[PDB]
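Worksheet for the structure shown next.
No Cβ is skipped: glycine too gets one built from the backbone with ideal geometry, and neighbour counts run over all protein chains shown. Every read-out reported here was derived from the displayed coordinates using simple, explicitly stated rules and does not represent laboratory data.
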Amino acid sequence: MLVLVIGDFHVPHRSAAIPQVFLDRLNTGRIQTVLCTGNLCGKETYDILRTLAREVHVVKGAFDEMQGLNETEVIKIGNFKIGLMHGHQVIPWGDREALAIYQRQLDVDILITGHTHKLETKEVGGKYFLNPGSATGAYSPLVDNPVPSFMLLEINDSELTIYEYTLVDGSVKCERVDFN
């Protein structure tokens, strides 16, 4: 099971484009599932996501207006129950304890959130908290210099691998995080 974790595409009145390199890479992968944190540019973004994987999941973002978008979603992949939400609702923002409360609320092994516009992989108390950052490196009050980012998860049962992709200084960088 290969899962593309992406989100935070658009900010109102600010134009952002997904880097072509990310698109070229994403277009050929055998990506089974897409978990999107929300904040889509519009229908164009959804069309793109539909091309990447058979199964696409999108939660409601701060600026999302698409009808039928749930605030939270829970998907089971391998041995992991995955919780997904935009993360603007987690107050205080990005706080470990606040996120922990939501993870417990959703009763999931993995909690995926965006909002911060900073990609982060963290394991706390045997639970995993993942943020893929902004795919387009969109403006955020929270971060001075956001960079385009996304995550690819390789899950085989209880084995979790995170591929953190970021575009820094015009050159793509990738880091691998292993969890058992």
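Summary of values
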read-out	value
Subset tally (residues that are under 12 Å from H117 (Cβ atoms), outside any strand (DSSP E or B) and in contact (Cβ under 8 Å) with a residue 12 or more places away in the chain) for region 129-157	14
The lone exception for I77 - which of (1) buried (at least 19 other Cβ atoms within 10 Å of the Cβ); (2) out of contact with any strand residue (DSSP E or B) (no Cβ under 9 Å at 6 or more places or on another chain) it fails	(2)
Subset of region 81-93 (residues that are touching a residue at least 24 places away in the same chain (Cβ under 8 Å) and either β-branched (V, I, T) or surrounded by fewer than 20 Cβ atoms within 10 Å (Cβ to Cβ) (or both))	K81, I82, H88, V90, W93
Filter result for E154 (surrounded by 14 or more Cβ atoms within 10 Å (Cβ to Cβ), closer than 18 Å to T37 by Cβ and acidic (D, E))	no
Answer from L160, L111, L99 - the residue that is out of contact with any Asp or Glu (no Cβ under 6 Å at 6 or more places or on another chain), without any contact (Cβ under 8 Å) to a residue 60 or more places away in the chain and either in a strand (DSSP E or B) or under 24 Å from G29 (Cβ atoms) (or both)	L111
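Residue-wise test of (1) touching a strand residue (DSSP E or B) at 6+ places or on another chain (Cβ under 7 Å); (2) farther than 19 Å from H10 by Cα.
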| residue | (1), (2) |
| --- | --- |
| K81 | yes, yes |
| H88 | no, no |
| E97 | no, yes |
| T113 | yes, no |
| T121 | yes, yes |
| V124 | no, yes |
| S140 | no, no |
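For (1) surrounded by fewer than 17 Cβ atoms within 10 Å (Cβ to Cβ); (2) out of contact with any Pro (no Cβ under 8 Å at 6 or more places or on another chain); (3) aliphatic (A, V, I, L, M); (4) within 13 Å of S134 (Cβ to Cβ), each residue gets a yes or a no:
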| position | (1), (2), (3), (4) |
| --- | --- |
| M1 | yes, yes, yes, no |
| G7 | no, no, no, yes |
| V21 | yes, yes, yes, no |
| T28 | yes, yes, no, no |
| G42 | yes, yes, no, no |
| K60 | no, yes, no, no |
